[PDB]
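# An overview of the molecular structure
Next come the chains, spelled out residue by residue.
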Amino acid sequence: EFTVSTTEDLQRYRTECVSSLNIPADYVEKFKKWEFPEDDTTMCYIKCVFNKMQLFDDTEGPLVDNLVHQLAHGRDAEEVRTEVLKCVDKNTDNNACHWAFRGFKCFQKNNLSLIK
Ligand SMILES: [Cl-]
């Protein structure tokens, strides 16, 4: 049973991902200011966060219904689903880090935030 992540849930997941991926201090300061370089360090960090939020599976990819519940923030569920589906694609370059990051960049482009 999926449940929406709070701001506190997300802060914890980011902390856990920084620790478990041994993310260097300079990347943590970039992420804090919503700067996400297009390197494997950043891409695997985003995958880790999305994994913990149950928004992404390394084999199945983006978890569409879970994403709609998380990202809607009081918007129309059908409108948000249409937006999410436009950002959902196949694992064409066989890389779950690249895959999760691509979706994230698409969500950002379309002003879909994890927290309002
Ligand atoms: Cl994030």
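Right, let's talk about helix 6 (residues 96–109) for a bit. The first and last C-alpha atoms of helix 6 sit 20 Å apart over 14 residues, in line with the 20 Å expected at 1.5 Å per residue. Its side-chain oxygen at 3.0 Å from the backbone nitrogen of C97, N95 defines the N-terminal cap of helix 6. Residue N111 follows helix 6 closely and has a positive phi angle near 55 degrees.

Sequence positions flagged by UniProt for "binding site: (9Z,12Z)-octadecadienoate" are, in local numbering, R14 and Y45. Spatially, the listed residues are clustered: although they cover 32 residues, their C-alpha atoms lie within 8.2 Å of one another. Tracing the backbone shows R14 in helix 1 (residues 7–20). Beyond its immediate chain neighbours, meaning those up to four positions away, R14 contacts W34, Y45 and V49. For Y45, the location among the structural elements is in helix 3 (residues 40–52). Residues within four places of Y45 in sequence aside, it is in contact with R14, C17, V18, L21, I23, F31 and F36.

The phi dihedral of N94 falls on the positive side, at around 55 degrees, and the residue is not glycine. Along the chain, the position of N94 falls in the loop between helix 5 (77–87) and helix 6. Given a relative accessible area of 66%, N94 falls into the exposed group.

In total, this model carries 10 aromatic pairs according to the counting rule given. Ring geometry for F31 versus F36: centroids 5.6 Å apart, planes at 25 degrees, classification stacked. When the ring of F31 is compared with that of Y45, the centres are 4.1 Å apart and the planes differ by 20 degrees; the resulting orientation is stacked. Here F31, found in helix 2 (residues 25–32), pairs with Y45, found in helix 3; they are 14 residues apart in sequence, far enough to count as distant. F31 sits in the buried class, given a relative accessible area of 6%. Ring pairs connect the aromatic residues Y27, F31, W34, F36, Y45, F50, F101, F104 and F107, which therefore count as one cluster.

A separate point is the side chain of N66. Within the secondary structure layout, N66 lies in helix 4 (residues 64–71). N66 sits in the buried class, given a relative accessible area of 15%. One polar contact links the side chain of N66 to the main-chain carbonyl oxygen of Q54, over a distance of 2.9 Å. For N66, the contacting residues outside a window of four places in its chain are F2, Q54 and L55.

How each quantity is defined
- Residues numbered from 1 in each chain as written, not as in the entry; some residues may be left out.
- Heavy atoms only, no water.
- Residues with missing side-chain atoms left out of burial classes, pairs and counts.
- Helix = DSSP H or I, 4+ residues; strand = E, 2+ residues; numbered from the N terminus.
- Expected span 1.5 Å × (residues − 1).
- Polar contact = N/O pair within 3.5 Å; in protein donor to acceptor, adjacent residues only side chain to side chain.
- UniProt positions renumbered as here; feature names shortened; annotations may be inferred.
- Contact = heavy atoms within 4.5 Å.
- Buried < 20%, exposed > 50% of the residue type's maximum accessible area, 1.4 Å probe, protein only.
- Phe/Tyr/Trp six-rings, centres within 6.5 Å; stacked < 30°, edge-to-face > 60°.

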